[PDB]
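Dumped structure37.pdb below, it's PDB, C-alpha atoms (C1' of nucleotides):
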MODEL        1
ATOM      1  CA  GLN A 477      -0.782 -44.965 221.181  1.00  0.00           C
ATOM      2  CA  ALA A 478       2.346 -46.433 219.569  1.00  0.00           C
ATOM      3  CA  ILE A 479       2.122 -44.205 216.491  1.00  0.00           C
ATOM      4  CA  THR A 480       1.470 -41.101 218.594  1.00  0.00           C
ATOM      5  CA  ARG A 481       4.306 -42.179 220.899  1.00  0.00           C
ATOM      6  CA  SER A 482       6.713 -42.599 217.968  1.00  0.00           C
ATOM      7  CA  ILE A 483       5.414 -39.841 215.675  1.00  0.00           C
ATOM      8  CA  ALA A 484       6.102 -37.400 218.518  1.00  0.00           C
ATOM      9  CA  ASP A 485       9.805 -38.374 218.491  1.00  0.00           C
ATOM     10  CA  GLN A 486      11.014 -39.184 214.952  1.00  0.00           C
ATOM     11  CA  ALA A 487       9.117 -36.439 213.112  1.00  0.00           C
ATOM     12  CA  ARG A 488      10.644 -33.036 213.998  1.00  0.00           C
ATOM     13  CA  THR A 489      14.329 -33.959 213.346  1.00  0.00           C
ATOM     14  CA  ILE A 490      15.097 -32.755 216.908  1.00  0.00           C
ATOM     15  CA  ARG A 491      13.345 -35.527 218.895  1.00  0.00           C
ATOM     16  CA  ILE A 492      10.777 -33.342 220.633  1.00  0.00           C
ATOM     17  CA  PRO A 493       9.495 -35.042 223.816  1.00  0.00           C
ATOM     18  CA  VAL A 494       6.167 -36.847 223.790  1.00  0.00           C
ATOM     19  CA  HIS A 495       4.569 -34.585 226.398  1.00  0.00           C
ATOM     20  CA  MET A 496       5.770 -31.475 224.555  1.00  0.00           C
ATOM     21  CA  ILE A 497       4.357 -32.910 221.323  1.00  0.00           C
ATOM     22  CA  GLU A 498       0.996 -33.459 223.012  1.00  0.00           C
ATOM     23  CA  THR A 499       1.143 -29.948 224.493  1.00  0.00           C
ATOM     24  CA  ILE A 500       1.824 -28.381 221.092  1.00  0.00           C
ATOM     25  CA  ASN A 501      -0.972 -30.512 219.619  1.00  0.00           C
ATOM     26  CA  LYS A 502      -3.347 -29.235 222.305  1.00  0.00           C
ATOM     27  CA  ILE A 503      -2.212 -25.674 221.564  1.00  0.00           C
ATOM     28  CA  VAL A 504      -2.767 -26.032 217.817  1.00  0.00           C
ATOM     29  CA  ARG A 505      -6.154 -27.677 218.415  1.00  0.00           C
ATOM     30  CA  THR A 506      -7.180 -24.789 220.674  1.00  0.00           C
ATOM     31  CA  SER A 507      -6.015 -22.295 218.043  1.00  0.00           C
ATOM     32  CA  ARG A 508      -7.998 -24.132 215.358  1.00  0.00           C
ATOM     33  CA  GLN A 509     -11.150 -24.228 217.493  1.00  0.00           C
ATOM     34  CA  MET A 510     -10.734 -20.515 218.236  1.00  0.00           C
ATOM     35  CA  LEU A 511     -10.349 -19.723 214.530  1.00  0.00           C
ATOM     36  CA  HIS A 512     -13.458 -21.820 213.862  1.00  0.00           C
ATOM     37  CA  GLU A 513     -15.735 -20.436 216.604  1.00  0.00           C
ATOM     38  CA  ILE A 514     -14.417 -17.184 218.095  1.00  0.00           C
ATOM     39  CA  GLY A 515     -12.940 -15.692 214.930  1.00  0.00           C
ATOM     40  CA  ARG A 516      -9.500 -14.332 214.082  1.00  0.00           C
ATOM     41  CA  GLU A 517      -6.277 -15.912 215.305  1.00  0.00           C
ATOM     42  CA  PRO A 518      -5.762 -15.374 219.054  1.00  0.00           C
ATOM     43  CA  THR A 519      -2.599 -13.858 220.449  1.00  0.00           C
ATOM     44  CA  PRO A 520       0.040 -16.235 221.865  1.00  0.00           C
ATOM     45  CA  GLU A 521      -0.462 -14.646 225.290  1.00  0.00           C
ATOM     46  CA  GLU A 522      -4.160 -15.566 225.154  1.00  0.00           C
ATOM     47  CA  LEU A 523      -3.451 -19.241 224.421  1.00  0.00           C
ATOM     48  CA  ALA A 524      -1.510 -19.434 227.696  1.00  0.00           C
ATOM     49  CA  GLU A 525      -4.653 -18.641 229.702  1.00  0.00           C
ATOM     50  CA  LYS A 526      -7.001 -20.485 227.330  1.00  0.00           C
ATOM     51  CA  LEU A 527      -5.401 -23.793 228.379  1.00  0.00           C
ATOM     52  CA  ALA A 528      -4.897 -22.922 232.079  1.00  0.00           C
ATOM     53  CA  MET A 529      -1.093 -23.039 231.865  1.00  0.00           C
ATOM     54  CA  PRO A 530       1.725 -20.593 232.644  1.00  0.00           C
ATOM     55  CA  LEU A 531       1.883 -17.584 230.345  1.00  0.00           C
ATOM     56  CA  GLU A 532       5.653 -17.856 229.877  1.00  0.00           C
ATOM     57  CA  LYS A 533       5.512 -21.597 229.152  1.00  0.00           C
ATOM     58  CA  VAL A 534       3.175 -21.122 226.184  1.00  0.00           C
ATOM     59  CA  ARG A 535       5.471 -18.402 224.833  1.00  0.00           C
TER      60      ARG A 535
ATOM     61  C1'  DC B   1      14.103 -90.965 152.176  1.00  0.00           C
ATOM     62  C1'  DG B   2      11.070 -86.891 154.576  1.00  0.00           C
ATOM     63  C1'  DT B   3      10.236 -84.957 159.477  1.00  0.00           C
ATOM     64  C1'  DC B   4      10.622 -83.924 164.043  1.00  0.00           C
ATOM     65  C1'  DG B   5      13.208 -84.860 169.182  1.00  0.00           C
ATOM     66  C1'  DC B   6      16.178 -81.978 170.682  1.00  0.00           C
ATOM     67  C1'  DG B   7      19.536 -78.140 171.006  1.00  0.00           C
ATOM     68  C1'  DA B   8      21.816 -73.069 170.292  1.00  0.00           C
ATOM     69  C1'  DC B   9      21.315 -68.614 168.062  1.00  0.00           C
ATOM     70  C1'  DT B  10      21.457 -63.865 167.709  1.00  0.00           C
ATOM     71  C1'  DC B  11      17.612 -60.602 167.539  1.00  0.00           C
ATOM     72  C1'  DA B  12      14.260 -58.020 169.649  1.00  0.00           C
ATOM     73  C1'  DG B  13      12.576 -56.289 174.292  1.00  0.00           C
ATOM     74  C1'  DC B  14      12.892 -54.140 178.964  1.00  0.00           C
ATOM     75  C1'  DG B  15      15.491 -51.044 182.677  1.00  0.00           C
ATOM     76  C1'  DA B  16      18.743 -46.291 182.829  1.00  0.00           C
ATOM     77  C1'  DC B  17      22.910 -40.596 183.782  1.00  0.00           C
ATOM     78  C1'  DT B  18      23.145 -35.327 182.033  1.00  0.00           C
ATOM     79  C1'  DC B  19      21.244 -30.736 180.889  1.00  0.00           C
ATOM     80  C1'  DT B  20      27.222 -25.368 179.458  1.00  0.00           C
ATOM     81  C1'  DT B  21      29.914 -21.544 181.875  1.00  0.00           C
ATOM     82  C1'  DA B  22      29.341 -16.572 186.042  1.00  0.00           C
ATOM     83  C1'  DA B  23      25.276 -14.294 187.196  1.00  0.00           C
ATOM     84  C1'  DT B  24      19.021 -11.308 188.710  1.00  0.00           C
ATOM     85  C1'  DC B  25      16.638 -11.636 195.704  1.00  0.00           C
ATOM     86  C1'  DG B  26      15.497 -14.508 201.235  1.00  0.00           C
ATOM     87  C1'  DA B  27      12.686 -16.682 203.862  1.00  0.00           C
ATOM     88  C1'  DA B  28       9.253 -20.378 202.688  1.00  0.00           C
ATOM     89  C1'  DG B  29       2.891 -24.744 204.602  1.00  0.00           C
ATOM     90  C1'  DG B  30       0.216 -29.151 207.129  1.00  0.00           C
ATOM     91  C1'  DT B  31      -1.072 -33.582 211.697  1.00  0.00           C
ATOM     92  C1'  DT B  32      -4.596 -32.682 216.434  1.00  0.00           C
ATOM     93  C1'  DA B  33      -7.655 -39.927 222.562  1.00  0.00           C
ATOM     94  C1'  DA B  34      -6.408 -38.839 228.212  1.00  0.00           C
ATOM     95  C1'  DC B  35      -3.602 -39.866 233.171  1.00  0.00           C
ATOM     96  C1'  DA B  36      -0.069 -41.475 236.701  1.00  0.00           C
ATOM     97  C1'  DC B  37       3.931 -42.301 239.692  1.00  0.00           C
ATOM     98  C1'  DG B  38       8.881 -42.455 239.309  1.00  0.00           C
ATOM     99  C1'  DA B  39      13.684 -41.492 237.795  1.00  0.00           C
ATOM    100  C1'  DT B  40      15.763 -37.463 235.680  1.00  0.00           C
ATOM    101  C1'  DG B  41      17.400 -33.530 235.193  1.00  0.00           C
ATOM    102  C1'  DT B  42      16.859 -27.750 236.047  1.00  0.00           C
ATOM    103  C1'  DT B  43      17.412 -23.823 238.698  1.00  0.00           C
ATOM    104  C1'  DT B  44      18.444 -20.814 243.484  1.00  0.00           C
ATOM    105  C1'  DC B  45      21.115 -19.728 247.651  1.00  0.00           C
ATOM    106  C1'  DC B  46      24.899 -20.762 250.532  1.00  0.00           C
ATOM    107  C1'  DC B  47      28.630 -21.454 252.491  1.00  0.00           C
ATOM    108  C1'  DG B  48      34.214 -22.975 251.283  1.00  0.00           C
ATOM    109  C1'  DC B  49      38.480 -21.221 249.332  1.00  0.00           C
ATOM    110  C1'  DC B  50      40.285 -18.009 246.934  1.00  0.00           C
ATOM    111  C1'  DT B  51      40.942 -14.726 244.654  1.00  0.00           C
ATOM    112  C1'  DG B  52      41.899  -8.801 244.612  1.00  0.00           C
ATOM    113  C1'  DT B  53      41.339  -4.075 246.789  1.00  0.00           C
ATOM    114  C1'  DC B  54      43.182  -0.279 249.041  1.00  0.00           C
ATOM    115  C1'  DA B  55      44.321   1.188 253.469  1.00  0.00           C
ATOM    116  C1'  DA B  56      47.212   1.160 258.192  1.00  0.00           C
ATOM    117  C1'  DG B  57      51.852   0.454 260.228  1.00  0.00           C
ATOM    118  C1'  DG B  58      56.767   0.019 259.743  1.00  0.00           C
ATOM    119  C1'  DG B  59      61.722  -0.206 257.961  1.00  0.00           C
ATOM    120  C1'  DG B  60      65.407   0.085 254.476  1.00  0.00           C
ATOM    121  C1'  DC B  61      67.367   2.387 250.655  1.00  0.00           C
ATOM    122  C1'  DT B  62      68.142   6.336 248.156  1.00  0.00           C
ATOM    123  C1'  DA B  63      69.127  10.975 247.993  1.00  0.00           C
ATOM    124  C1'  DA B  64      69.420  16.019 249.195  1.00  0.00           C
ATOM    125  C1'  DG B  65      70.832  19.752 252.375  1.00  0.00           C
ATOM    126  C1'  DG B  66      73.883  21.661 256.010  1.00  0.00           C
ATOM    127  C1'  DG B  67      78.248  21.986 258.664  1.00  0.00           C
ATOM    128  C1'  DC B  68      83.447  21.635 259.360  1.00  0.00           C
TER     129       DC B  68
ENDMDL
END
Structure re-expressed in structure tokens:
Amino acid sequence: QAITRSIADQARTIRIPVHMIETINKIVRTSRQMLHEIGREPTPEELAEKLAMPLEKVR
DNA sequence: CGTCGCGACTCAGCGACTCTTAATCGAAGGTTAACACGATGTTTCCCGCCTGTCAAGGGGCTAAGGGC
């Protein structure tokens, strides 16, 4: 928890927030699982509904 | 009358900064526990004060035409 709490801040050079880091990690994990099971890379508009979040927020 | 007890000695050894001078084209890949109030900003309208139209009215100044 401390590494994930600190890696999410002092790793991007811009100090991305912890919740945004976890959201982008969830997005990349969903994209990886889709590439592994479904097939080709999904569109960014599809990842918004794949995680049950706003379509504009994922963009 | 020898050496060794005890001292320096310089020799090796080990580390370490630059790669002329202008130029042939711009970006560049990964790492994947879950949730919760709280205090902290973010973003919309909504009136407050104020700013800017053109208009209406008018008068006052300027000037042009007519009469003696």
Interatomic distance (Å, one decimal) between atom CA of residue A:535 and atom CA of residue A:486: 23.7 Å
Residues of chain A near chain B: apply a cut-off of 8 Å, count only C-alpha atoms (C1' of nucleotides), and supply the list as an mmCIF file with C-alpha atoms, in the coordinates of the input.
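What ended up in selection-v1.cif:
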data_model
loop_
_atom_site.group_PDB
_atom_site.id
_atom_site.type_symbol
_atom_site.label_atom_id
_atom_site.label_comp_id
_atom_site.auth_asym_id
_atom_site.auth_seq_id
_atom_site.Cartn_x
_atom_site.Cartn_y
_atom_site.Cartn_z
ATOM 1 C CA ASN A 501 -0.972 -30.512 219.619
ATOM 2 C CA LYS A 502 -3.347 -29.235 222.305
ATOM 3 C CA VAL A 504 -2.767 -26.032 217.817
ATOM 4 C CA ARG A 505 -6.154 -27.677 218.415
#
message: Expand the PyMOL selection byres ((chain A and resi 523) around 12) into the explicit residue set it covers here, and present it as a list in words.
response: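 On the file shown, the PyMOL selection byres ((chain A and resi 523) around 12) covers residues 499, 500, 502, 503, 504, 505, 506, 507, 508, 509, 510, 517, 518, 519, 520, 521, 522, 524, 525, 526, 527, 528, 529, 530, 531, 532, 533, 534 and 535 of chain A.
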Identify, on the basis of all atoms listed in the file, every residue whose closest approach to residue A:478 does not exceed 12 Å; exclude the query and any residue fewer than 6 positions from it along the same chain; express the result as a PDB file with C-alpha atoms, keeping the file's coordinate frame.
ATOM      1  CA  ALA A 484       6.102 -37.400 218.518  1.00  0.00           C
ATOM      2  CA  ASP A 485       9.805 -38.374 218.491  1.00  0.00           C
ATOM      3  CA  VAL A 494       6.167 -36.847 223.790  1.00  0.00           C
TER       4      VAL A 494
END
Starting from 4 Å padding per side, set up an axis-aligned box that covers all listed atoms of stretch 18-32 of chain B and hand over centre and edge lengths in Å, one decimal, as JSON.
{"center_x": 12.7, "center_y": -23.3, "center_z": 197.9, "size_x": 42.5, "size_y": 32.0, "size_z": 45.0}
Atom-to-atom span, atom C1' of residue B:30 and atom CA of residue A:497, Å: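 About the pair atom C1' of residue B:30 and atom CA of residue A:497: they are 15.3 Å apart.
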- request: Can you work out the spacing between atom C1' of residue B:43 and atom CA of residue A:481 in Å, to one decimal?
  value: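 A separation of 28.7 Å between them.
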Assuming the input is short of atoms at stretch 482-496 of chain A, produce N, CA and C atoms for that part as a short mmCIF file (atom, residue, chain, number, x, y, z; two decimals), in the frame of the given file.
data_model
loop_
_atom_site.label_atom_id
_atom_site.label_comp_id
_atom_site.auth_asym_id
_atom_site.auth_seq_id
_atom_site.Cartn_x
_atom_site.Cartn_y
_atom_site.Cartn_z
N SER A 482 5.55 -42.63 218.84
CA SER A 482 6.71 -42.60 217.97
C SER A 482 6.69 -41.42 217.00
N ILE A 483 5.51 -41.01 216.54
CA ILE A 483 5.41 -39.84 215.68
C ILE A 483 5.87 -38.59 216.41
N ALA A 484 5.68 -38.55 217.73
CA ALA A 484 6.10 -37.40 218.52
C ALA A 484 7.61 -37.32 218.69
N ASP A 485 8.36 -38.35 218.31
CA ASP A 485 9.80 -38.37 218.49
C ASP A 485 10.56 -38.27 217.17
N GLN A 486 10.30 -39.17 216.23
CA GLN A 486 11.01 -39.18 214.95
C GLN A 486 10.24 -38.47 213.85
N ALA A 487 9.81 -37.23 214.13
CA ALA A 487 9.12 -36.44 213.11
C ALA A 487 9.60 -35.00 213.00
N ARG A 488 10.23 -34.43 214.02
CA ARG A 488 10.64 -33.04 214.00
C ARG A 488 12.12 -32.85 213.69
N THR A 489 12.89 -33.94 213.58
CA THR A 489 14.33 -33.96 213.35
C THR A 489 15.12 -33.55 214.59
N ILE A 490 14.45 -33.14 215.67
CA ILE A 490 15.10 -32.76 216.91
C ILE A 490 14.69 -33.64 218.07
N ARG A 491 13.81 -34.62 217.85
CA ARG A 491 13.34 -35.53 218.90
C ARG A 491 12.65 -34.76 220.02
N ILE A 492 11.58 -34.06 219.64
CA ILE A 492 10.78 -33.34 220.63
C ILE A 492 10.15 -34.35 221.58
N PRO A 493 10.06 -34.07 222.88
CA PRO A 493 9.49 -35.04 223.82
C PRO A 493 8.03 -35.31 223.53
N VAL A 494 7.54 -36.44 224.05
CA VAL A 494 6.17 -36.85 223.79
C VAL A 494 5.19 -35.89 224.46
N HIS A 495 5.47 -35.50 225.71
CA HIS A 495 4.57 -34.58 226.40
C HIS A 495 4.59 -33.20 225.76
N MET A 496 5.74 -32.75 225.27
CA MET A 496 5.77 -31.48 224.56
C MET A 496 5.04 -31.57 223.22
#
